[PDB]
Structure formats: structure tokens, C-alpha cells
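Novice: This is the structure I want to talk about, given as C-alpha cells.
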Amino acid sequence: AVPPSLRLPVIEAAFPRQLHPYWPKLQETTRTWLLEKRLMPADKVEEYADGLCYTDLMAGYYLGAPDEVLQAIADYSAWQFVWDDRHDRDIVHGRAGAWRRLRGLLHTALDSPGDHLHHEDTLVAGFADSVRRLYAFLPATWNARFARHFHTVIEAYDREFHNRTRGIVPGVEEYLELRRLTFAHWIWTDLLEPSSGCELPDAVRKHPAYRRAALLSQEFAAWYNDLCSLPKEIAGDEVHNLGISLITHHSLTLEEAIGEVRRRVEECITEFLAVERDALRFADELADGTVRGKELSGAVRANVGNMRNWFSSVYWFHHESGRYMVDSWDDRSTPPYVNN
Ligand SMILES: CC[N+](CC)(CC)Cc1ccccc1
Ligand SMILES: [Mg+2]
Ligand SMILES: [Mg+2]
Ligand SMILES: [Mg+2]
């Protein structure tokens with residue numbers, strides 16, 4: 001029973017959910033990892049980890065992934081949720097020095113994860129373990145591209161720190177550009193390739209149909225998170241949300257901003273349906289009779305299928321996850337799963 005303001009009949013009808021067969025083992029292995037890496041207090045892992053649905057999100061997205069690949073992705077994605085919470089708490093508590101240090105340590109650990117596996121900051125050590133694991137699947141050129149993308153993500157989070165401490169709400173286009181980075185669009189897109197077992201050549205992954213399909217998948221997911229997480233974010237003085245930027249800079253009411261964000265999300269869906277046809281036709285064109293053409297064809301088809309799966313996984317995640325259930329909290333500004 002999705003709230004009417006969030007319900008998207010086209011997702012529910014035309015994007016049937018998928019679940020990776022490794023999901024039951026993934027759930028418990030990631031929860032054990034969060035425990036053993038001390039990424040969340042033991043009592044909060046026990047009360048909340050499963051209800052957060054982080055592994056469910058990844059297992060509905062990277063279909064076809066080798067189990068070991070999906071495990072590293074899920075650990076890394078759970079880490080990224082804990083990092084979002086740490087960033088939030090550093091801003092709320094004014095810990096600009098602790099944030100600047102963490103920011104520098106994540107840049108360094110991203111380039112040399114092996115050196116940071118036992119770092120005193122458990123958030124850095126957990127980061128390093130998952131990244132080292134992700135670096136073991138594909139050639140070093142893929143690792144370099146992952147790192148280049150995530151160094152950009154870290155700096156976008158630094159920009160968020162400064163906006164929120166100065167109480168600056170970005171403008172709408174400013175925000176849309178920043179959101180492609182704080183949502184980690186290009187990391188999810190990069191992770192498609194170890195999930196289908198193939199580093200794609202630049203010529204294939206920069207093909208306009210592949211690029212546009214990948215963009216729209218992520219714009220849908222980021223803006224649907226904005227639509228669904230707007231209440232928790234207003235309650236916690238978050239400023240980064242397309243709806244907040246519309247209410248703040250365009251005098252829209254809550255109702256009007258929500259309607260506009262919905263319309264933008266819906267347009268992502270139908271633009272995706274159009275370019276999906278071209279991206280799958282390109283996957284067909286890559287199968288040229290050769291072994292290599294078959295490899296690339298199958299990899300592009302799997303990645304475009306997972307671009308599609310991201311729509312339904314993100315849609316349902318926001319209605320199942322404890323992360324967004326702000327009406328259940330005694331303190332609406334402090335989620336119970338965050339370390340305060
Ligand atoms: C807070 C988690 N995340 C991961 C990119 C930022 C670290 C955004 C996100 C939210 C909801 C669904 C998917 C991703
Ligand atoms: Mg957040
Ligand atoms: Mg955030
Ligand atoms: Mg959000």
C-alpha cells in the first residue's frame with residue numbers, strides 16, 4: 001500500500017521486481033560484516049539492520065552478478081549508507097575537523113585500500129575492505145575509473161557539508177548537477193560491469209544509447225529518493241533535495257514541489273522506455289558472429305536489464321526500508337539507526 005503521492009502505477013505494472021537467488025545469504029553475510037567491522041553498534045545491528053533492507057536493494061538491482069561480486073557490492077552499499085549517516089551527524093554536531101580528516105582518509109584509502117584495512121576509524125577500515133574486494137574483479141583500468149568517480153563523490157559530500165553548515169539550499173540546476181555525484185550515479189553504473197563479468201570498452205559504454213539509459217536509471221532513482229525521503233530530511237534539516245530546492249527558490253508549496261518532482265520522475269520512466277529500445281538494439285548489433293562480439297553483446301544486454309531493474313528495486317526499497325519511516329521515531333530529527 002504505497003502512499004498515493006508516491007505511487008507510480010507504471011513501475012508497478014511494467015517493471016516487475018527481480019530478486020537475486022543469493023539474497024538470503026547476502027542479508028546475513030552483510031549484517032555479519034557490519035557487526036564485525038563495527039560499522040554500527042551491535043544492538044542497532046540487531047534491532048534495525050535487516051529492516052533497513054540495504055541488501056534487498058542491491059539484490060533487486062545487480063541480477064546475474066556472481067555471488068562474490070554481489071557480496072562486495074552489498075557490503076560497499078551498506079557502508080555508503082553508514083557514511084551518509086556519519087556525514088549527517090558530523091554536520092549536525094559541527095565536527096568540521098573530524099569530517100575534513102575523514103574526507104582526506106577516504107581519498108587516500110580509495111587509492112590504496114590495502115594499507116587501510118585495519119585503520120583506527122572503523123568507517124575507514126570498512127570502506128577499505130569493501131573497495132579492496134571490488135578491485136579484485138576487473139582489470140586495473142576499471143579500478144582507476146571507479147576511483148576517479150568516487151574521488152568526485154567524496155568532494156560532492158564535502159560541498160554538502162559546507163552548504164549545510166552555512167544553511168545554503170542549492171539552486172535547482174546546481175542541485176541536479178550535484179545530485180549526480182552525491183547519489184553516486186557513475187559508481188552504480190561502473191558496478192554494472194563486474195556484475196556481468198566484463199569491463200566494457202569506452203566505445204561501448206559511451207555509446208549514446210548506453211550513456212542515456214544509464215543516466216535516466218540513476219536520475220529516476222535519485223529523484224525518487226528525494227520524493228520519498230523529503231519528510232525525514234525536512235525533519236532533520238537536510239537541505240539537499242530537489243523538492244527543498246523548489247520550495248526554497250521557486251515559492252512552491254509542499255504540494256506543488258511534490259507534484260513537480262513526481263512529474264520529473266515519471267518522465268524519467270518514459271524517456272528510459274524509449275532509449276532502452278535503442279540500447280538493446282545496440283546490444284543486438286554487437287553480436288556480430290565473433291566470440292568477442294557475443295561477450296560484449298551479452299554484457300551490454302545484462303547491464304541494460306539491470307538499469308531497468310534499478311527502477312523497481314529503488315521504488316519498493318523506499319516503501320520497505322526502515323530508513324525512511326520518520327513517523328515511527330520518537331525524535332523525528334534523529335533516526336534510531338544512526339550513532340548520535
Ligand atoms: C544514502 C545512500 N546513498 C547511496 C548513494 C548515498 C550514500 C543514496 C541512496 C538512497 C536510496 C537508494 C539508493 C541510494
Ligand atoms: Mg541522506
Ligand atoms: Mg546524503
Ligand atoms: Mg534522500
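Residue numbering restarts at 1 in every chain; chains get A, B, ... in the order shown in the C-alpha cells, and ligands count up from 1 in that same order.
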Quick one: residues within 9 Å of range 223-239 of chain A, only C-alpha atoms, excluding same-chain residues fewer than 4 positions away - as an MDAnalysis selection string?

Specialist: chainID A and resid 5:6 88 92 160 163:164 167:170 179 218:219 243:245 258 261:262 264:265 314:315 318:319 323:327 332:335

Novice: Please provide as a compact mmCIF listing (two decimals) with N, CA and C atoms, in the first residue's frame all residues within 10 Å of residue 159 in chain A, with the sequence filter that same-chain residues fewer than 5 positions apart are discarded (counting only C-alpha atoms).

Specialist:
# COMPACT_ATOMS: atom_id res chain seq x y z
N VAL A 153 32.79 11.76 -5.93
CA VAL A 153 31.70 11.64 -4.96
C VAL A 153 32.09 12.23 -3.60
N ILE A 154 33.31 11.92 -3.11
CA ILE A 154 33.74 12.44 -1.81
C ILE A 154 33.70 13.97 -1.81
N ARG A 164 25.42 22.83 4.21
CA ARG A 164 24.55 22.67 5.36
C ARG A 164 25.04 23.45 6.55
N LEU A 178 24.86 18.54 -8.77
CA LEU A 178 25.47 17.97 -7.57
C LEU A 178 24.91 16.56 -7.25
N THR A 182 26.36 13.13 -5.45
CA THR A 182 26.09 12.65 -4.09
C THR A 182 25.29 11.34 -4.12

Novice: Using only C-alpha atoms, which residues sit within 9 Å of residue 89 in chain A once same-chain residues fewer than 6 positions away are excluded, as JSON, numbers by chain?

Specialist: {"A": [95, 338, 339, 340]}

Novice: My list of candidates is A:240, A:21, A:134, A:103. Which is closest to ligand 2 when distances are computed with only C-alpha atoms and all ligand atoms?

Specialist: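 Smallest separation from ligand 2 among the options: A:240.
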
Novice: At a cut-off of 9 Å, using only C-alpha atoms, what residues contact range 202-206 of chain A? Leave out same-chain residues fewer than 5 positions from it and give the result as a list in words.

Specialist: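 Listed by chain and then number, they are residues 211, 296 and 300 of chain A.
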
Novice: Need to verify the contact set: residue 45 in chain A, 10 Å, only C-alpha atoms, exclusion of same-chain residues closer than 5 positions in sequence. Can you return it as an NGL selection string?

Specialist: :A and (31-32 or 34-35 or 38-40 or 50-52 or 337)

Novice: Given only C-alpha atoms as the basis, pick out the residue of A:54, A:79, A:62, A:282 nearest to residue 195 in chain A.

Specialist: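 Distance minimum relative to residue 195 in chain A lands on A:62.
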
Novice: For residue 119 in chain A, list every protein, DNA or RNA residue within 12 Å, evaluated using only C-alpha atoms, and leave out those in the same chain fewer than 3 positions away; present the list as a PDB file with C-alpha atoms, in the first residue's frame.

Specialist:
ATOM      1  CA  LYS A  37      33.637  -4.242  11.090  1.00  0.00           C
ATOM      2  CA  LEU A 102      37.615  11.526   7.220  1.00  0.00           C
ATOM      3  CA  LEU A 105      41.348   9.450   4.665  1.00  0.00           C
ATOM      4  CA  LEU A 106      38.670   8.266   2.202  1.00  0.00           C
ATOM      5  CA  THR A 108      43.774   8.106   0.401  1.00  0.00           C
ATOM      6  CA  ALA A 109      42.126   4.753   1.194  1.00  0.00           C
ATOM      7  CA  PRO A 113      42.769   0.257   0.258  1.00  0.00           C
ATOM      8  CA  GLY A 114      45.186  -2.482   1.433  1.00  0.00           C
ATOM      9  CA  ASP A 115      47.028  -0.028   3.642  1.00  0.00           C
ATOM     10  CA  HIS A 116      43.839   0.950   5.472  1.00  0.00           C
ATOM     11  CA  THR A 122      36.203   1.668  11.659  1.00  0.00           C
ATOM     12  CA  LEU A 123      34.394   3.593   8.862  1.00  0.00           C
ATOM     13  CA  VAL A 124      37.704   3.935   7.014  1.00  0.00           C
ATOM     14  CA  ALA A 125      38.658   0.305   7.621  1.00  0.00           C
ATOM     15  CA  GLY A 126      35.228  -0.886   6.428  1.00  0.00           C
ATOM     16  CA  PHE A 127      35.492   1.296   3.301  1.00  0.00           C
ATOM     17  CA  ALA A 128      38.918  -0.155   2.569  1.00  0.00           C
ATOM     18  CA  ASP A 129      37.830  -3.786   2.956  1.00  0.00           C
TER      19      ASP A 129
END

Novice: Do you know which residues are at most 10 Å from residue 68 in chain A counting only C-alpha atoms, after dropping those on the same chain fewer than 6 positions away, and could you put them as a PDB file with N, CA, C and O atoms, in the first residue's frame?

Specialist:
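The resulting file, selection-v2.pdb, is reproduced below:
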ATOM      1  N   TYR A  22      20.959 -15.264  -4.505  1.00  0.00           N
ATOM      2  CA  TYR A  22      21.843 -15.229  -3.350  1.00  0.00           C
ATOM      3  C   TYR A  22      21.309 -14.358  -2.218  1.00  0.00           C
ATOM      4  O   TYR A  22      21.912 -14.361  -1.135  1.00  0.00           O
ATOM      5  N   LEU A  26      23.036 -13.221   1.344  1.00  0.00           N
ATOM      6  CA  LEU A  26      23.541 -11.852   1.326  1.00  0.00           C
ATOM      7  C   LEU A  26      23.095 -11.073   2.565  1.00  0.00           C
ATOM      8  O   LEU A  26      23.906 -10.347   3.189  1.00  0.00           O
ATOM      9  N   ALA A  74      27.120  -5.335  -2.023  1.00  0.00           N
ATOM     10  CA  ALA A  74      26.217  -5.108  -0.905  1.00  0.00           C
ATOM     11  C   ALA A  74      26.957  -4.548   0.309  1.00  0.00           C
ATOM     12  O   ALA A  74      26.424  -3.677   1.012  1.00  0.00           O
ATOM     13  N   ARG A 133      38.050  -5.433  -2.131  1.00  0.00           N
ATOM     14  CA  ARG A 133      37.294  -6.586  -2.690  1.00  0.00           C
ATOM     15  C   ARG A 133      36.791  -6.243  -4.097  1.00  0.00           C
ATOM     16  O   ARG A 133      36.909  -7.107  -4.989  1.00  0.00           O
ATOM     17  N   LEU A 134      36.253  -5.032  -4.286  1.00  0.00           N
ATOM     18  CA  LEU A 134      35.740  -4.633  -5.591  1.00  0.00           C
ATOM     19  C   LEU A 134      36.870  -4.524  -6.598  1.00  0.00           C
ATOM     20  O   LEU A 134      36.656  -4.709  -7.802  1.00  0.00           O
ATOM     21  N   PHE A 137      38.136  -7.808  -9.107  1.00  0.00           N
ATOM     22  CA  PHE A 137      37.314  -8.480 -10.117  1.00  0.00           C
ATOM     23  C   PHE A 137      37.684  -8.156 -11.560  1.00  0.00           C
ATOM     24  O   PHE A 137      37.563  -9.019 -12.441  1.00  0.00           O
ATOM     25  N   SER A 195      29.374  -6.934 -12.257  1.00  0.00           N
ATOM     26  CA  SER A 195      28.198  -7.804 -12.185  1.00  0.00           C
ATOM     27  C   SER A 195      27.925  -8.611 -13.440  1.00  0.00           C
ATOM     28  O   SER A 195      27.327  -9.685 -13.335  1.00  0.00           O
TER      29      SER A 195
END

Novice: One decimal, Å: what's the distance from CA of residue 220 in chain A over to CA of residue 268 in chain A, could you say?

Specialist: 5.6 Å

Novice: For residue 209 in chain A, which residue among A:304, A:286, A:221, A:156 is the nearest when counting only C-alpha atoms?

Specialist: A:304

Novice: Quick check, in Å to one decimal: how far apart do atom 12 (C, counted along the ligand's line) of ligand 1 and CA of residue 144 in chain A lie?

Specialist: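 Rounded to one decimal, the two atoms are 24.5 Å apart.
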
Novice: Restricting the calculation to only C-alpha atoms and all ligand atoms, which member of A:53, A:98, A:213, A:91 is positioned closest to ligand 2?

Specialist: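 Closest candidate: A:91.
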
Novice: Could you work out how far CA of residue 78 in chain A lies from atom 6 (C, counted along the ligand's line) of ligand 1, giving the answer in Å with one decimal?

Specialist: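 It comes out at 9.5 Å.
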
Novice: For residue 278 in chain A, which of A:183, A:208, A:298, A:18 is the closest residue, counting only C-alpha atoms?

Specialist: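 Using only C-alpha atoms, residue 278 in chain A sits closest to A:208.
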
Novice: Of the residues A:143, A:285, A:85, A:212, which is the one nearest to ligand 4, using only C-alpha atoms and all ligand atoms?

Specialist: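 Among A:143, A:285, A:85, A:212, it is A:85 that comes nearest to ligand 4.
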
Novice: Could you give me, as a PyMOL selection string, each residue of range 184-241 of chain A that DSSP assigns to helix (DSSP H, G or I) when run on this structure's backbone?

Specialist: chain A and resi 185-196+202-205+208-235
